[PDB]
Amino acid sequence: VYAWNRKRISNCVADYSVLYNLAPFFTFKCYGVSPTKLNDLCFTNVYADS
Amino acid sequence: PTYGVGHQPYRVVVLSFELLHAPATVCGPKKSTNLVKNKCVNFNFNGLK
Amino acid sequence: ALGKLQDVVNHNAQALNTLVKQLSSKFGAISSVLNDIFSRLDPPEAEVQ
């Protein structure tokens, strides 16, 4: 947590239908957007903090 | 492994999005179609429906 | 000289202009475009916006 990896993800095709067939993903809370309907929006560059 | 669920490790990824005036590069899995002009249709551009 | 007739034209023109410009207000919501709200937000809480 004190060295959280921040990966800049750009020039991608964000397919959010691949993280649900994996292990049970809990607490999928999106602040500002809906959990679904994310496959129709074009973002400029996202950041993944793991 | 024998501790309660409140103390078990949980991996967490935070996906921070951005929306500014620039050509977008991260879209969703939607196959784009051809451009048919001079006809009232439903446009579905990057962020304008 | 012909001001008593141009005044009504200017009044109706500005009444239409302000009526069009009132669509540029959020009225306490997050945006003024409905396609920007229906796309990001789901119907459950999009009603309050």
# chains A, B, ... in the order shown; residues from 1 in each chain; ligands from 1
call {"tool": "interface_residues", "arguments": {"of": "chain B", "to": "chain A", "cutoff": "10 Å", "atoms": "only C-alpha atoms", "output": "PyMOL selection string"}}
result
chain B and resi 10-30+44-49
call {"tool": "residues_around", "arguments": {"residues": "residue 49 in chain C", "least_positions_apart": "5", "cutoff": "12 Å", "atoms": "only C-alpha atoms", "output": "short mmCIF file (atom, residue, chain, number, x, y, z; two decimals) with C-alpha atoms, in the first residue's frame"}}
result
data_model
loop_
_atom_site.label_atom_id
_atom_site.label_comp_id
_atom_site.auth_asym_id
_atom_site.auth_seq_id
_atom_site.Cartn_x
_atom_site.Cartn_y
_atom_site.Cartn_z
CA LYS C 26 -27.72 22.74 -14.54
CA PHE C 27 -30.41 23.71 -11.98
CA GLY C 28 -28.40 21.94 -9.28
CA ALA C 29 -27.62 18.85 -11.37
CA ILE C 30 -24.21 17.61 -12.51
CA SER C 31 -24.56 18.57 -16.19
CA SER C 32 -26.89 20.18 -18.73
CA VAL C 33 -26.79 17.38 -21.33
CA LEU C 34 -29.02 14.36 -20.73
CA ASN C 35 -26.94 12.05 -22.93
CA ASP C 36 -24.00 12.79 -20.61
CA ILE C 37 -26.04 11.61 -17.60
CA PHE C 38 -27.79 8.57 -19.09
CA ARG C 40 -22.44 7.40 -17.24
CA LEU C 41 -25.17 7.06 -14.60
CA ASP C 42 -27.62 4.18 -14.37
CA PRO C 43 -31.41 4.75 -14.34
CA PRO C 44 -31.69 4.14 -10.54
#
call {"tool": "atom_distance", "arguments": {"atom1": "CA of residue 34 in chain A", "atom2": "CA of residue 39 in chain C"}}
result
8.4 Å
call {"tool": "select_by_dssp", "arguments": {"residues": "chain C", "states": "alpha helix (DSSP H)", "output": "VMD selection string"}}
result
chain C and resid 3 to 21 34 to 40 43 to 46
call {"tool": "write_last_selection", "arguments": {"atoms": "C-alpha atoms", "output": "mmCIF file, in the first residue's frame"}}
result
data_model
loop_
_atom_site.group_PDB
_atom_site.id
_atom_site.type_symbol
_atom_site.label_atom_id
_atom_site.label_comp_id
_atom_site.auth_asym_id
_atom_site.auth_seq_id
_atom_site.Cartn_x
_atom_site.Cartn_y
_atom_site.Cartn_z
ATOM 1 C CA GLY C 3 -39.113 52.465 -32.272
ATOM 2 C CA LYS C 4 -42.617 51.617 -31.076
ATOM 3 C CA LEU C 5 -42.559 48.701 -33.547
ATOM 4 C CA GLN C 6 -38.915 47.643 -33.199
ATOM 5 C CA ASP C 7 -39.291 47.396 -29.414
ATOM 6 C CA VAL C 8 -41.756 44.493 -29.661
ATOM 7 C CA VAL C 9 -39.483 42.682 -32.121
ATOM 8 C CA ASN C 10 -36.501 43.157 -29.802
ATOM 9 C CA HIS C 11 -38.576 42.003 -26.819
ATOM 10 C CA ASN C 12 -39.673 38.777 -28.501
ATOM 11 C CA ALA C 13 -36.147 38.191 -29.837
ATOM 12 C CA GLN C 14 -34.595 38.542 -26.379
ATOM 13 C CA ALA C 15 -37.384 36.455 -24.817
ATOM 14 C CA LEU C 16 -36.537 33.646 -27.236
ATOM 15 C CA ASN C 17 -32.792 34.142 -26.712
ATOM 16 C CA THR C 18 -33.044 33.882 -22.923
ATOM 17 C CA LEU C 19 -35.380 30.892 -23.276
ATOM 18 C CA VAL C 20 -32.717 29.170 -25.380
ATOM 19 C CA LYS C 21 -29.928 30.181 -22.981
ATOM 20 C CA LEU C 34 -29.020 14.361 -20.730
ATOM 21 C CA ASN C 35 -26.935 12.049 -22.927
ATOM 22 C CA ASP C 36 -24.002 12.795 -20.609
ATOM 23 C CA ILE C 37 -26.039 11.606 -17.601
ATOM 24 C CA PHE C 38 -27.794 8.569 -19.093
ATOM 25 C CA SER C 39 -24.502 7.197 -20.438
ATOM 26 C CA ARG C 40 -22.442 7.403 -17.240
ATOM 27 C CA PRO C 43 -31.408 4.753 -14.340
ATOM 28 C CA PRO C 44 -31.689 4.139 -10.537
ATOM 29 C CA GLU C 45 -29.990 7.401 -9.502
ATOM 30 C CA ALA C 46 -30.220 9.234 -12.842
#
